[PDB]
Amino acid sequence: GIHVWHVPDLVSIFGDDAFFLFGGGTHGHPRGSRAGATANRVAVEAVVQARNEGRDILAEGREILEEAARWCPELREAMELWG
Amino acid sequence: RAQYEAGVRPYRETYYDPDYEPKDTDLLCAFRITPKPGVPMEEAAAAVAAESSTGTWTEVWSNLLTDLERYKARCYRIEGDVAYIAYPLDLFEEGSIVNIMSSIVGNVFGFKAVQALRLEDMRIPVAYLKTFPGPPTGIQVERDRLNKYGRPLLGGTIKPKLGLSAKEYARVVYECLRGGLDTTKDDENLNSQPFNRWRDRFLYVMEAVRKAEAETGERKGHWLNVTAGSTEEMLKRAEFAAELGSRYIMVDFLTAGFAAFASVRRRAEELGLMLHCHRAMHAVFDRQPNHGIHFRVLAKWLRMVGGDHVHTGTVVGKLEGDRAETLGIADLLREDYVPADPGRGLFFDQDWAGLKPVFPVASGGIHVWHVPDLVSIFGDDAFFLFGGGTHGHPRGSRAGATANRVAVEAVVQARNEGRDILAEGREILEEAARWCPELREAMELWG
Amino acid sequence: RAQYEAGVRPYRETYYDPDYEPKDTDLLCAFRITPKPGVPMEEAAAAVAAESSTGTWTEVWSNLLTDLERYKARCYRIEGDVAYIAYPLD
Ligand SMILES: O=C(O)[C@@](O)(COP(=O)(O)O)[C@H](O)[C@H](O)COP(=O)(O)O
Ligand SMILES: O=C(O)[C@@](O)(COP(=O)(O)O)[C@H](O)[C@H](O)COP(=O)(O)O
Ligand SMILES: [Mg+2]
């Protein structure tokens, strides 16, 4: 039952060698599957790029997600719906 | 472009229909749920119904791409702790247990909402039941094949479970069959071990089976174990057992898996073999009474896909079992219509639609003293496997197999006379022991 | 991917510089203004200076791609009615 808000916790457990499956977290976007897929893709890359510069994920996860949503409309709608 | 109502929506608002009367073409299920504190029974029953069906943890835009009411499952009844869920006929693929066992009992058992969940029973509809082959030979054709009637056929596993070489394995088999057992069998963990490979074992055993069969003047057999690490190997060992002239093959139908088991069952029927199905690893499912899949579900799955025998377990042996639940399971494999008995663990009336019955095999740690109990529970149409109760005799397997045969004959003969077996078991066994020295040694060793 | 503070902001806060000293290369315009009732005098003069120069009615992101203070005009003195505006030679 994972969505964009769970990306910081998931990337901190598995690292890079893993798959993240967003079944209901992709079609559950209030606007479609393509919008939901972009929301989940931007969420992962934003966290991964933030981890690559030393930012503590388990502390700054919400800050990273908010920063990404500031310029990504899809991720902004995804977090405004869940959590 | 078109807008819908996205958001996390509680399950019970679309997957809980208390006013639903199921049709005759629905897979009904009876789950024994144990929800989280604060999570109601109604909402948990909807979570089980939704996630073994068209549902998910949110509302998706593709729910409007199809008519969801045609396919969604729904909990139409709750009896306090048991949730009744009705699954439509269209949700399942014809002739595949692997589809039922991946949908109804798939990912729903591990939710954070439910602490425990046991599937008690299940109603297979005739429409979905007709698409299955059923057991290859059944009861009557098997009794004709062995030319044995009006008694519970005997048996015994070859002990120790492992270690015996192929030569010494066949000598124990010869002693058992020559002693009086109707059949012997391989053990669940003896497949192709370095100390006893399978080509060596298959050839040696059928040499002892044929030798014992000729001298004793009656038909014998041995459930050679054909289960292996892959279906191609499993089918290759089945053909070798067929060319040797065997009547039987045995398969671990739960550890080998249902797909491989269905593959073997088809190949076994084309070879004219009678396929015994051992229920190894079932206890992992159905030991605890609060989580898992009760064996009366796994017994229904076996009969549909096809299996000549299964272990229903001795309720007086070293393995766990309830006398009532076993009685329901035993009549769930042999009768053609089984009315629901709430006092016997049975929830739904199960019509079998012409599928032929199955021997209930009663194996475990059973010696001669258990025969009066065993005969009453099962009757004539059953196998009694005295695995360690044969070789544990003070004078070997031949003496032990004679004691088991005499004990079964004396008890059954007394039943036909009219005596009450439960109250007169000890009297009947002592009457038999007055003339059978082999029984007397065994009847006092384990008493 | 480059945050800026969008939305309408008054002309007064970025085109009125009372401490500005005109150069000998700047163009000075003595505008006589009469604002709408409800518009400050020192606010309308900023609008005239901004909309004869780089400014507009809303903060645009492209303002960050230029050294705006080099080119923008700014009112630098108001005598009540007449407002003085300095335009850079560039
Ligand atoms: O079948 C499902 O429910 C999923 O597709 C979830 O879809 P959503 O992402 O829409 O929930 C996953 O396969 C399960 O989570 C499997 O659980 P696990 O992988 O832990 O066995
Ligand atoms: O030990 C064994 O595996 C047996 O051969 C019993 O040997 P003994 O006859 O010497 O006890 C049977 O497989 C068990 O009865 C299986 O239990 P279930 O019948 O529940 O599958
Ligand atoms: Mg065994």
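Bear in mind these aren't lab numbers, they're just calculated from the coordinates by the rules spelled out. Reconstructed Cβ throughout: ideal geometry from the backbone, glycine too, with neighbour counts over all protein chains shown.
Given R₀ = 60 Å, what would the calculated FRET efficiency be for B:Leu162 paired with C:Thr56, taking r from the Cβ atoms and rounding to 0.05? Walk me through the numbers before you get to the answer.
Values: r = 89 Å, r/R0 = 1.48.
Calculated transfer efficiency: 0.10.
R0 = 35 Å: FRET efficiency of A:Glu67 with C:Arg70, Cβ-based, nearest 0.05? Present the calculation step by step, with values, prior to reporting the outcome.
Numbers: r = 31 Å, r/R0 = 0.89.
Rounded to the nearest 0.05, the efficiency is 0.65.
How far, in nm, would the chain grow between B:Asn290 and B:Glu430 when pulled straight, counting 0.36 nm per residue and subtracting the alpha carbon separation?
On the way: separation 140, 0.36 × 140 = 50.40 nm, distance 4.23 nm.
Between B:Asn290 and B:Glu430, full extension yields an extra 46.2 nm.
Indicate the gyration tensor shape class of the protein assembly as shown (rounded, prolate or oblate), computed on the Cα atoms with a ≥ b ≥ c the square roots of the eigenvalues: a/c under 1.5 is rounded; otherwise a/b larger than b/c is prolate and the rest oblate. Let's see the in-between values first.
Values: a/c = 4.23, a/b = 3.18, b/c = 1.33.
It comes out prolate by the Cα gyration axes.
So what is the relative contact order of chain B, in percent, for Cα pairs below 8 Å that sit 6 or more residues apart?
Working: 867 pairs, mean separation 68.7, N = 447.
For chain B, the relative contact order is 15 percent.
Just list whichever of B:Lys300/B:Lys356; B:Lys220/B:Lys300; B:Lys130/B:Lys300; B:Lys36/B:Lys300; B:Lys211/B:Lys356; B:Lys148/B:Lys318 have alpha carbons separated by over 23 Å in the model shown.
On the way: B:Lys300/B:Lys356 12 Å; B:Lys220/B:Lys300 29 Å; B:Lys130/B:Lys300 14 Å; B:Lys36/B:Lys300 30 Å; B:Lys211/B:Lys356 32 Å; B:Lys148/B:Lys318 28 Å.
From the list (B:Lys300/B:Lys356; B:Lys220/B:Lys300; B:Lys130/B:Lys300; B:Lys36/B:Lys300; B:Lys211/B:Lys356; B:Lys148/B:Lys318), the Cα-Cα distance tops 23 Å for B:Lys220/B:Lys300; B:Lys36/B:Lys300; B:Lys211/B:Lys356; B:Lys148/B:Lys318.
Taking a spot 7 Å from the Cα of B:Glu13 along the direction of its beta carbon, which residues of the range B:92-116 have an amide N less than 19 Å from it?
No residue qualifies, since no backbone N sits under 19 Å from the label point.
Does a label point 7 Å from the Cα of B:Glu94, set along Cα-to-beta-carbon, have any residues of the range B:123-156 with amide nitrogen under 13 Å, and which are they?
Flagged as within label range: B:127-133.
Whole-Å semi-axes of the range B:55-97's equivalent ellipsoid, largest first, each the root of 5 times a Cα gyration tensor eigenvalue?
On the way: eigenvalues 96, 64, 17 Å².
Taking √(5λ) for each Cα gyration eigenvalue gives 22, 18, 9 Å.
Can you give the % of DSSP beta bridges in the protein assembly as shown that are antiparallel, to the nearest 5? Before the final figure, lay out each step's value.
Numbers: 31 of 55 bridges.
Antiparallel: roughly 55 percent of the beta bridges in the protein assembly as shown.
Quick one: which of B:334-346, A:17-29 comes out on top by average Cβ neighbours within 10 Å, and what's the full order, highest first? Before the final figure, lay out the partial values.
Values: B:334-346: 14.7, A:17-29: 16.9.
So the order, starting with the most tightly packed, is A:17-29, B:334-346.
If you find the alpha carbon centre of the range A:1-38 and of the range B:386-415, how far apart are they in angstrom?
That distance is 64 Å.
Averaged across B:56-65, how many Cβ atoms of other chains sit within 10 Å of each residue's Cβ atom?
Values: counts 6, 8, 13, 4, 10, 9, 3, 1, 0, 0.
Average neighbour count from other chains, rounded to a whole number: 5.
Could you tell me the calculated FRET efficiency between A:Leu21 and B:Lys130, based on Cβ-Cβ distance and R0 = 25 angstrom, to the nearest 0.05?
Values: r = 37 Å, r/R0 = 1.46.
Approximately 0.10, to the nearest 0.05.
Report the trypsin sites (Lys or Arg not before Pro) located in the range B:285-324 that are in a DSSP loop and have at most 14 other Cβ atoms inside 10 Å of their Cβ, or state none. Don't skip to the end; give the middle numbers.
Working: sites: B:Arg287, B:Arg296, B:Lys300, B:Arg303, B:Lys318, B:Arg323; in loops: B:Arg287, B:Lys318.
Those that pass, being in a loop and sparsely packed, are B:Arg287, B:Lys318.
Which of rounded, prolate or oblate describes chain C when judged by the alpha-carbon gyration tensor and an a/c cut-off of 1.5? Numbers along the way, then the final one.
Details: a/c = 2.53, a/b = 1.29, b/c = 1.97.
In terms of gyration-tensor shape, oblate.
Report the Cα centroid-to-centroid distance between the range B:64-141 and the range B:248-326 in angstrom, as an integer.
A separation of 18 Å, based on Cα centres.
Is the shape of the range B:278-346 rounded, prolate or oblate, going by the alpha carbon gyration tensor and its root eigenvalues a ≥ b ≥ c, with a/c under 1.5 for rounded and a/b larger than b/c for prolate? Mind dumping the intermediate values first?
Values: a/c = 1.42, a/b = 1.14, b/c = 1.24.
Rounded shape, in that the Cα axes give a/c under 1.5.
State, to one decimal in nm, how far the label point of A:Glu45 lies from the label point of B:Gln413, with both points 7 Å from Cα in the Cβ direction.
In this crude spin-label approximation the distance works out to 8.6 nm.
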